[PDB]
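Presented below is the structure to which this report refers.
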Amino acid sequence: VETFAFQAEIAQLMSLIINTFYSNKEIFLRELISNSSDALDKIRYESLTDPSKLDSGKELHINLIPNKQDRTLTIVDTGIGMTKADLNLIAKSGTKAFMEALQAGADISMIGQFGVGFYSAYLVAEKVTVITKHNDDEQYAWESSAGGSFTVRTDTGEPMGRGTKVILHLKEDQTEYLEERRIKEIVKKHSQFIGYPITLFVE
Ligand SMILES: Cc1cccc(Cc2n[nH]c3cc(O)c(C(=O)N(C)c4ccc(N5CCOCC5)cc4)cc23)c1
């Protein structure tokens, strides 16, 4: 298990997200679905010139999987996935510009315009686990409960084929995001034109 320190500006951003009073927390889902959509666009584009890149799975989609027993909301996609090196994700300029925009009157919902929307997951999650599998590499598990560090390890869990899975270990007061009606409402409000099927699993 390898432990790394976040870049100073990212640790500052994560503390801002965790500490700031901001009621509109539902925007985390739009950000994560947008990231999945980008990864799906990338495999779709790459697979035009190299169709063998789909040997690890032809279906391009997003699954939303709530689990009330584990208090987790999982966002799974069959996008391009990330190599250990990719897992390189640069965000310095975006973070600086976002924190500068907040000081000038922007709100936390504009986070995606700065390439750092992933960190909005910490509005609702005490811990985030990201499992990823790229064609050119092994399956990896990234994880952070903030506090300025994150870990990376080779993942021994169920093989994914290709893509990325974000597991949000929800905060005790944020279990509304495990409810079918609530997730449906959010997807309809913020992610209705995403160009891939979004399947909301039932428990
Ligand atoms: C821990 C950790 C490390 C790295 C990146 C993330 C962010 C993330 N959240 N949900 C995802 C779903 C994915 O399919 C990918 C994925 O497989 N890929 C290839 C991917 C897709 C989009 C981005 N962009 C989007 C615009 O802002 C800049 C980042 C970057 C890489 C990643 C993410 C999290």
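Just so you know, residue 1 is the first one in the sequence shown, and it goes up from there. When a ligand or atom number is given, it counts from 1 through the structure's own listing order.
- Under a 4.0 Å criterion applied to the non-hydrogen atoms of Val166, ligand 1 contributes the atoms 10 (N).
- Contact check for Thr74 versus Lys165: side-chain heavy atoms found under the 4.5 Å cut-off.
- By the 4.5 Å heavy-atom criterion applied to side chains, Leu178 and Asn67 are not counted as neighbours.
- Residue contact check for ligand 1: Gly81 places a non-hydrogen atom closer than 4.0 Å to it.
- Using a 3.5 Å distance cut-off with no hydrogens or angles, the side chains of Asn135 and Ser56 do pair a donor with an acceptor.
- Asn35 CB, 3.6 Å is the protein heavy atom nearest to atom 11 (C) of ligand 1.
- Which of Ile43, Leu87, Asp41, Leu89 comes nearest to atom 2 (C) of ligand 1 through a heavy atom is settled by distance: it is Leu87.
- Atom 19 (C) of ligand 1 lies below 4.0 Å from at least one non-hydrogen atom of the protein.
- Of the protein's non-hydrogen atoms, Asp77 OD2, 3.4 Å is the one closest to atom 12 (C) of ligand 1.
- Heavy-atom proximity to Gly115, at under 4.0 Å, picks out these atoms of ligand 1: 27 (O), 28 (C).
- Contact check on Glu100 versus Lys96 returns a salt bridge, with a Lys/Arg side-chain nitrogen under 4.0 Å from an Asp/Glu carboxylate oxygen.
- Side chain of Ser34 to backbone of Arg30: no donor-acceptor contact under 3.5 angstrom is found.
- The minimum heavy-atom distance between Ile80 and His134, with the atom names listed, is O-CD2, 3.2 Å.
- Closest protein heavy atom to atom 5 (C) of ligand 1: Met82 SD, 3.6 Å.
- Close approach of ligand 1 to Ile80 (heavy-atom distance below 4.0 Å) involves ligand atoms 19 (C).
- The pair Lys184-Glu180 meets the salt-bridge criterion, with a side-chain N (NZ, NE, NH1 or NH2) lying under 4.0 Å from an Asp/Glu carboxylate O.
- Looking only at protein heavy atoms, the nearest one to atom 17 (O) of ligand 1 is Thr164 OG1, 2.7 Å.
- Counting only heavy atoms, the protein gets under 4.0 Å from atom 27 (O) of ligand 1.
- Between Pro66 and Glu203, some side-chain heavy-atom pair lies under the 4.5 Å cut-off.
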